[PDB]
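Report on one structure; see the data block that follows.
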Amino acid sequence: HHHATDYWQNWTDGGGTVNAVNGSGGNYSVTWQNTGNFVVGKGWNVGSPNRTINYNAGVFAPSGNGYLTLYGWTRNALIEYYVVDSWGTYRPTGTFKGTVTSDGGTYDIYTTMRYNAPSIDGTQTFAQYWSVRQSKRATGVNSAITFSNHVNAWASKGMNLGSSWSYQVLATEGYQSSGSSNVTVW
């Protein structure tokens with residue numbers, strides 16, 4: 001009675017080298033060097049607002065800007081959302097909307113806008129929903145993101161996810177950096 005990960009996520013813009021590894025089960029690894037922008041992770045093809053995402057990042061060693069975050073899309077409306085648990089040399093922020101406490105940590109709530117940006121609908125103009133942890137979360141242990149807490153928190157701030165749910169992964173995103181990570185998601 002557990003529907004583990006079924007979607008392998010691997011996107012790059014071509015900058016640098018991104019050696020992403022689809023490993024056994026819900027485990028993946030990625031080492032990247034001097035890259036552009038990339039998003040690699042494992043998750044579910046259809047995200048759920050009521051899903052509790054579990055993960056264990058045995059390695060999350062970004063040398064520069066890298067994210068260890070929940071990442072997913074919705075359609076109608078078109079929205080790209082984050083739950084950033086840890087990062088490298090840059091903490092993503094935006095328009096402050098409030099805070100939410102979940103899974104032992106307090107996350108800041110931000111909204112941003114993407115302009116003529118790639119999406120699951122192509123080049124579009126869409127809103128980004130962010131929940132960014134105020135402190136970096138410790139890795140190497142079993143961690144859970146109770147996503148229904150963030151969805152309710154976003155909703156209480158006028159941030160409403162779409163009705164159609166595309167993928168939803170525990171991702172490693174980096175930009176203009178090098179590093180490695182090893183994560184198991186279920």
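Residue numbering restarts at 1 in every chain; chains get A, B, ... in the order shown in the structure tokens, and ligands count up from 1 in that same order.
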For this session: If you run DSSP over the backbone, which residues in region 15-182 of chain A end up strand (DSSP E or B)? Put them as a ChimeraX atom specification.
Result: /A:17-22,27-33,37-44,52-75,79-87,95-102,105-117,120,122,124-133,143-146,164-182
Show me a table, sorted first by chain and then by increasing residue number, of the residues of region 29-139 of chain A having an atom at most 9 Å from region 155-173 of chain A, each with its shortest atom pair and the distance in Å to one decimal, counting only C-alpha atoms and written as a Markdown table.
```
| residue | atom | partner | partner_atom | distance |
| --- | --- | --- | --- | --- |
| A:30 | CA | A:172 | CA | 8.1 |
| A:37 | CA | A:173 | CA | 7.3 |
| A:38 | CA | A:173 | CA | 5.6 |
| A:39 | CA | A:173 | CA | 4.5 |
| A:40 | CA | A:172 | CA | 5.2 |
| A:41 | CA | A:171 | CA | 3.9 |
| A:42 | CA | A:169 | CA | 5.2 |
| A:43 | CA | A:169 | CA | 3.8 |
| A:44 | CA | A:168 | CA | 5.5 |
| A:45 | CA | A:167 | CA | 4.3 |
| A:46 | CA | A:166 | CA | 4.8 |
| A:47 | CA | A:168 | CA | 4.7 |
| A:48 | CA | A:165 | CA | 7.1 |
| A:49 | CA | A:161 | CA | 8.9 |
| A:53 | CA | A:170 | CA | 7.7 |
| A:54 | CA | A:170 | CA | 8.6 |
| A:55 | CA | A:170 | CA | 7.5 |
| A:60 | CA | A:172 | CA | 8.6 |
| A:65 | CA | A:173 | CA | 8.4 |
| A:66 | CA | A:173 | CA | 5.5 |
| A:67 | CA | A:173 | CA | 4.9 |
| A:68 | CA | A:172 | CA | 5.1 |
| A:69 | CA | A:171 | CA | 5.5 |
| A:70 | CA | A:170 | CA | 4.5 |
| A:71 | CA | A:169 | CA | 5.2 |
| A:72 | CA | A:168 | CA | 3.9 |
| A:73 | CA | A:166 | CA | 5.2 |
| A:74 | CA | A:165 | CA | 4.5 |
| A:75 | CA | A:164 | CA | 4.8 |
| A:76 | CA | A:162 | CA | 4.8 |
| A:77 | CA | A:162 | CA | 4.6 |
| A:78 | CA | A:162 | CA | 6.6 |
| A:79 | CA | A:161 | CA | 6.7 |
| A:80 | CA | A:161 | CA | 8.9 |
| A:81 | CA | A:161 | CA | 8.6 |
| A:97 | CA | A:157 | CA | 6.7 |
| A:98 | CA | A:157 | CA | 7.8 |
| A:109 | CA | A:157 | CA | 8.9 |
| A:111 | CA | A:159 | CA | 8.3 |
| A:120 | CA | A:166 | CA | 8.5 |
| A:129 | CA | A:159 | CA | 7.4 |
```
Residue 149 (chain A) proximity check over A:127, A:113, A:132, A:100, using only C-alpha atoms: winner is A:100
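Picture a line from CA of residue 89 (chain A) to CA of residue 107 (chain A); it runs 17.9 Å.
Minimum distance to residue 59 (chain A) across A:82, A:90, A:11, A:28 (counting only C-alpha atoms) occurs at A:28.
For the atom pair formed by CA of residue 88 (chain A) and CA of residue 184 (chain A), the distance is 19.3 Å, given to one decimal.
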One residue among A:124, A:131, A:31, A:139 is nearest to residue 154 (chain A) when using only C-alpha atoms, and that residue is A:131
